[PDB]
Every structure is written in C-alpha cells, then in structure tokens.
Amino acid sequence: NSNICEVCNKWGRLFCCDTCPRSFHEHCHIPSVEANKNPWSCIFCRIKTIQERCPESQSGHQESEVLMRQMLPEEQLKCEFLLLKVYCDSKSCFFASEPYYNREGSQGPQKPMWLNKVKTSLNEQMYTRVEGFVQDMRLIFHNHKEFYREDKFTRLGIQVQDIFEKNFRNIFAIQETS
Ligand SMILES: [Zn+2]
Ligand SMILES: [Zn+2]
Ligand SMILES: [Zn+2]
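Along every chain, residues receive numbers from 1 upward following the written sequence, which is not necessarily the numbering found in the entry; those without coordinates are excluded from display. Here chains are named by letter from A upward and ligands by number from 1 upward, in the order in which they appear as written. Water and hydrogen atoms were dropped before computing side-chain values, which therefore reflect all heavy atoms in the structure. Residues with missing side-chain atoms are left out of burial classes, side-chain pairs and their counts.

For this entry, the PDB record names X-ray crystallography as the structure determination method and reports a resolution of 1.5000 Å.

Colleague: What is the right way to read the nonpolar core from this model?
Modeller: Soluble, globular proteins show a tendency: their nonpolar side chains are buried together. By size, the foremost hydrophobic cluster in this structure holds 46 residues, and its most contacted members are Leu-83, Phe-133, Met-137 and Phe-172. Each helix is a run of H or I in the DSSP string that is no shorter than four residues. Each strand is a run of E no shorter than two, and both are numbered from the N terminus. Among the secondary structure elements, those contributing two or more residues to this core are α1 (43–53), α2 (63–68), α3 (73–87), α4 (93–96), α5 (115–123), α6 (130–148) and α7 (154–171). The element that contributes the greatest number of residues to this core is α3, accounting for eight residues. As used throughout, domain bounds are those supplied by an automatic or database domain assignment. Taken domain by domain, this core gets at least three of its residues from each of domain 1 (1–59) and domain 2 (60–178). Beyond its immediate stretch of four places on either side in the chain, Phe-133 contacts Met-71, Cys-79, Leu-82, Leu-83, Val-118, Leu-122, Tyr-127 and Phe-164. By nonpolar core is meant a set of buried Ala, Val, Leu, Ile, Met, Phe, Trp, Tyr and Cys residues that side-chain atoms within 4.5 Å join together. Classification of residues uses two cut-offs on accessible area relative to the type maximum, computed with a 1.4 Å probe and protein chains only: under 20% is buried, over 50% is exposed, and between them is partly exposed. The contact criterion used is simple: two residues touch if any of their non-hydrogen atoms lie within 4.5 Å.

Colleague: I would appreciate a short explanation of the coordination of the zinc ion (ligand 1) in the present structure.
Modeller: Octahedral six-donor coordination of a metal ideally yields angles of 90 or 180 degrees, compared with 109.5 degrees for tetrahedral four-donor coordination. Donors, by definition, are the N, O and S atoms found within 2.8 Å of a metal, the threshold being 3.2 Å for Na, K and Ca, and water is not counted, so a site can look incomplete. Listed as protein donors to the zinc ion (ligand 1) are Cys-5 (SG), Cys-8 (SG), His-25 (ND1) and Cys-28 (SG); their distances from the metal cover 2.1 to 2.4 Å. Here the zinc ion (ligand 1) is ringed by four donor atoms whose angles at the metal span 97 to 119°, and the overall shape comes out tetrahedral. Taken in chain order, the donor set of the zinc ion (ligand 1) reads C-x2-C-x16-H-x2-C. Here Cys-8, found in the segment before β1 (14–16), pairs with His-25, found in strand β2 (residues 23–25); they are 17 residues apart in sequence, far enough to count as distant. A four-donor site is classed as tetrahedral when every donor-metal-donor angle falls between 85 and 135 degrees; four donors are called square planar, and six octahedral, when trans pairs exceed 155 degrees and all remaining angles lie between 65 and 115, with any other arrangement labelled irregular.

Colleague: What exactly am I supposed to notice about the packing of α3 against α5 here?
Modeller: Think of each axis as a best-fit line through the C-alpha atoms, taken over the contacting stretch in the case of a helix, with angles from 0 to 180 degrees between the N-to-C directions. In contact at an axis separation of 11 Å, α3 and α5 are set at 160° when each is read in the N-to-C sense. If you check the angle between α3 and α5, you find them roughly antiparallel. The interaxial crossing formed by α3 with α5 has left-handed handedness. Each of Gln-76, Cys-79, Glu-80, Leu-83, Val-86 and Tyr-87 in α3 lies in contact with α5, whose residues at this interface are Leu-115, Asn-116, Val-118, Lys-119 and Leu-122. Amino acid classes used here: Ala, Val, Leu, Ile, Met, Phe, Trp, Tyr, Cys and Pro are nonpolar; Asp, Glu, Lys and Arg are charged; the rest, including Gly, are polar. For the contact of α3 with α5, the class distribution of residues is seven nonpolar, two polar and two charged. With respect to orientation, any angle under 35 degrees is reported as roughly parallel, any angle over 145 as roughly antiparallel, any angle of 65 to 115 as roughly perpendicular, and every other angle as oblique. The crossing is said to be left-handed when, going from far helix to near helix, the turn is anticlockwise and less than a right angle, and right-handed when the turn is clockwise.

Colleague: What is the right way to read the side chain of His-144 from this model?
Modeller: Inspection of the secondary structure puts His-144 in helix α6. Ignoring anything within four residues of it in the chain, the contact list for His-144 reads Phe-95, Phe-153, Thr-154, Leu-156 and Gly-157.

Colleague: Mind showing me how you'd approach the pattern of salt bridges here?
Modeller: Opposite charge on two side chains lets them pair, provided their charged atoms get close. Any carboxyl oxygen of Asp or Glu within 4 Å of a side-chain nitrogen of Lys or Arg constitutes a salt bridge here. Under the definition given, this model contains eight salt bridges. With its nearest N and O atoms 3.0 Å apart, the salt bridge here joins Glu-63 to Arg-138. Of this pair, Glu-63 sits in helix α2 while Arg-138 is found in helix α6, placing the two residues 75 residues apart along the sequence.

Colleague: Sorry if this is basic, but what is going on with the domain arrangement of the chain here?
Modeller: Interfaces are often sized by the accessible area lost when the parts come together. For the chain, the assigned domains are domain 1 (1–59) and domain 2 (60–178). Measuring from the centre of the C-alpha atoms in domain 1 to the corresponding centre in domain 2 gives 21 Å. In this assembly, 16 residues from domain 1 lie in contact with 14 residues from domain 2. Buried area is calculated as the accessible area (1.4 Å probe) missing from two parts once they are joined, with the contributions of both summed. For the pair domain 1 and domain 2, the two sides together bury roughly 1,400 Å², of which 74% comes from carbon and sulfur. Where domain 1 meets domain 2, there are zero salt bridges. Among the elements that take part in the side of domain 1 that touches domain 2, α1 stands out by supplying five residues, more than any other. Of the residues that constitute the side of domain 1 that touches domain 2, the class distribution is nine nonpolar, five polar and two charged.

Here it is in structure tokens:
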C-alpha cells in the first residue's frame, strides 16, 4: 500500500485498502473508515464494483434524470465519492470550513454553504435525491463567485467547481456532448 493518504497526501495514522494499494486517514475517507471490517475495501474499490456488476451503468445519462434519482445506497455512495474527489484537490481547503463575509463593497450570501456541512448532511442521510447534494455543492462555488466579484480570488471557485463538474460527469456517466 501507499505510505500517504490518497486524499490529503500526508502521512500519519493510515488505514490501508485490502483490494487496492490506496491508504487513508480515518476522516479523509468518506464515509469515515469503518471500525472493524476485515477485509476492508475503500470507496474507490466499492465504486469500481458497482460498475463491474452493471456494465451498462456506464452508458450516457441525462443530468436531469440523474438529479431526480432517490438517494438509495448506490447513489449515496456515488455522492460520497464525488465529495471525496473534491477534497482530493488541495484547493478544497478554501471551501471546507464555515466561511464568513466582511469585505467592503460586498454582502455575504443568503445561504452559506461549505464542504464539511455537505459531508455532515450526507452522513446524517439528509438528502433524499441526488439533486439536493448537487445543488448544495454548486451553491458553494456560486456563493464564492458572487461575493468575490472582480477580485482574482474568484478564480479559486471556478477551479474547484471544474473539479466537481468533471467528476460528476464521470461518476454518474453523464452523456458526453460538445
Ligand atoms: Zn488524509
Ligand atoms: Zn481500494
Ligand atoms: Zn446488470
């Protein structure tokens, strides 16, 4: 197995996947690395299994149909994985914890949102459809773009949204278009 966390790229107290060489800090993995379970298979492995059991799941889908899906176990897992792929980018640090807003010429968003809040919401089974998770994720970046206006820091929102959207299209097998 790797000697660094797959998500934050640091060493430390690492839990190793039994079916692939990745490793994780306990609370870097999503869901948090399970107490017992021998063998243990990481979320990467669990997602690859879904695909392998239903190869047709990789055919193109319309975003509108994906969003309306209820959060059954496989969709819960897919949203957990997509959230983890965003934490995998170091620029996620800016969006992880609860933000505050005091900038001359701007007013804070009406509905603040952040990664750790989305993480808690998934853990608590608060989303009933894929749409709820996706709307909170996109709200993170939209709030950022609106608040930072012409400051060049707006770009961090565009960058991390791009990581979210590429991973959304991959994980939920969105039909490719120009
Ligand atoms: Zn880590
Ligand atoms: Zn694995
Ligand atoms: Zn099948």
